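Novice:
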Amino acid sequence: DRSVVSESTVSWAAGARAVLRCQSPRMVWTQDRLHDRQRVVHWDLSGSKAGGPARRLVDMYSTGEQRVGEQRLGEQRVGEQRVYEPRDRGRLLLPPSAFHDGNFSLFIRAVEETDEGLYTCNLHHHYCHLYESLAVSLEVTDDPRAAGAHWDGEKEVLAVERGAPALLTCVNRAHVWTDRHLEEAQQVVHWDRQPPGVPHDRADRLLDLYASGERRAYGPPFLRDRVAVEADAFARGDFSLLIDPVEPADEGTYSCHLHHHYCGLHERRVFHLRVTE
Ligand SMILES: [Cl-]
Ligand SMILES: [Cl-]
Ligand SMILES: [Cl-]
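In short: position in the sequence shown from 1, add 32, done, that's the entry's author numbering.
Structure follows, in structure tokens:
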């Protein structure tokens with residue numbers, strides 16, 4: 033199984049070949065022909081009366097390639113919802129242009145006995161490989177005095193009168209899910225370091241790595257000749273720092289910043305490096 037070490041204290045002897053592991057499968061470069069720039073939302077129901085199969089109720093895509101016959105007019109993100117049972121057409125509705133502002137709330141025009149169960153609002157990003165989901169509980173009651181809604185500490189719990197409409201809230205306004213976005217820049221990795229006992233925001237740049245293969249090194253020649261990252265880092269998502277040879281002056285805090293702003297990816301691997309001998 034895969035694990036993520038986000039911060040660690042490591043000791044290397046002076047003169048050794050130190051390796052500071054920085055890796056991520058989401059920082060792997062792929063060709064444009066494989067990019068599936070598509071966001072999908074779908075509501076699923078794990079019914080309590082059925083108690084077995086969890087069926088999909090309705091989904092909505094963000095992007096598509098408009099055609100007229102065999103002529104490909106182009107691709108532009110628009111949007112359209114699709115119910116999976118022809119009977120729910122007109123009964124289950126999502127907000128129009130849901131991906132414009134991140135409002136994916138499910139509207140049920142008139143709840144039925146078979147609508148009872150645990151709902152899930154699921155977001156899929158095929159380009160950024162993101163999966164987000166929230167749960168909503170729905171109970172159908174015949175007593176209107178019991179109809180209402182409350183937050184039980186983790187999810188919305190609905191109690192709807194039979195035949196009455198319901199709204200299952202699902203809102204995610206993060207830029208990766210909405211149509212708004214800054215122009216996508218290539219993936220970039222930043223290595224920096226600071227002496228022991230110094231806050232992170234006062235670190236000195238050590239090395240920049242861009243997905244196109246371009247790199248930028250900092251520091252005096254004595255430091256640059258001992259610090260490197262193996263070639264084709266973005267081909268395998270490995271940006272591990274190589275310090276060879278490691279010196280007692282290299283003792284300090286090292287940071288590996290992984291950036292893919294278009295996908296909301298901003299992670300940091302921290303290394304408190306100690307040098308013995
Ligand atoms: Cl076609
Ligand atoms: Cl019913
Ligand atoms: Cl590279």
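We put the CB at the ideal spot given by N, CA and C, even for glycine.
What is the DSSP secondary structure of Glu216, reduced to helix, strand or coil?
Specialist: In this structure, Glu216 counts as coil in the three-state DSSP scheme.
Novice: In chain order, which continuous runs of the alpha helix (DSSP H) of length 4 or greater are located wholly inside the stretch 121–202?
Specialist: Within the stretch 121–202, the complete alpha helix (DSSP H) runs of at least 4 residues are 130–133.
Novice: Quick check on the DSSP output: the alpha helix (DSSP H) that includes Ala265 runs from which residue to which?
Specialist: Per DSSP, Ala265 belongs to the alpha helix (DSSP H) from 265–268.
Novice: Below 8 Å between beta carbons: does that hold for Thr308 and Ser43?
Specialist: A contact, by the Cβ cut-off of 8 Å.
Novice: I need the DSSP call for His222, collapsed to helix, strand or coil.
Specialist: In this structure, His222 counts as strand in the three-state DSSP scheme.
Novice: Count the other CB atoms, across all protein chains shown, that sit within 10 Å of the CB of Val143; report buried if there are 16 or more and exposed otherwise.
Specialist: When all chains shown are included, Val143 counts as buried.
Novice: Need the endpoints of the beta strand (DSSP E) that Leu89 sits in, please.
Specialist: Taken as a continuous stretch (DSSP letters only), the beta strand (DSSP E) holding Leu89 covers 86–100.
Novice: Taking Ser80 as the reference, give the member of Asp147, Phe271, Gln108 with the closest Cα.
Specialist: Among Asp147, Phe271, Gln108, the Cα nearest to that of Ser80 is on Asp147.
Novice: Is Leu124 a contact residue of ligand 3, with contact defined as CB to any heavy atom under 7 Å?
Specialist: Because no heavy atom of ligand 3 lies under 7 Å away, the Cβ of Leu124 does not count as near it: no.
Novice: Between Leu166 and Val208, is the Cβ-Cβ spacing less than 8 Å?
Specialist: Their beta carbons are not under 8 Å apart, which means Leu166 does not touch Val208 by this criterion.
Novice: Assuming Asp240 and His222 form a contact by the criterion Cβ under 8 Å, report the distance between their Cβ atoms to the nearest whole angstrom.
Specialist: The Cβ separation is near 6 Å, so the contact holds.
Novice: Mind checking which residues open and close the beta strand (DSSP E) that includes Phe303?
Specialist: Here the beta strand (DSSP E) through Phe303 covers 297–308.
Novice: Should the stretch 104–115 be regarded as contacting the stretch 76–96, the criterion being three or more beta carbon pairs within less than 8 Å?
Specialist: These segments touch.
Novice: Expressed to the nearest angstrom, what Euclidean distance is found between the alpha-carbon atoms of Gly106 and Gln98?
Specialist: Each residue's Cα considered, the two are about 6 Å apart.
Novice: Can you confirm whether the stretch 41–61 touches the stretch 288–298 when touching is taken to mean that 3 or more C-beta pairs between the two stretches lie within less than 8 Å?
Specialist: Touching, yes, given that three or more Cβ pairs across the two stretches are closer than 8 Å.
Novice: Below 8 Å on the Cβ atoms is my contact criterion, and I expect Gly251 with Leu238 to pass it. Report the Cβ-Cβ distance as a whole number of Å.
Specialist: Going by Cβ atoms, the distance from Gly251 to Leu238 rounds to 7 Å, so yes, they are a contact pair.
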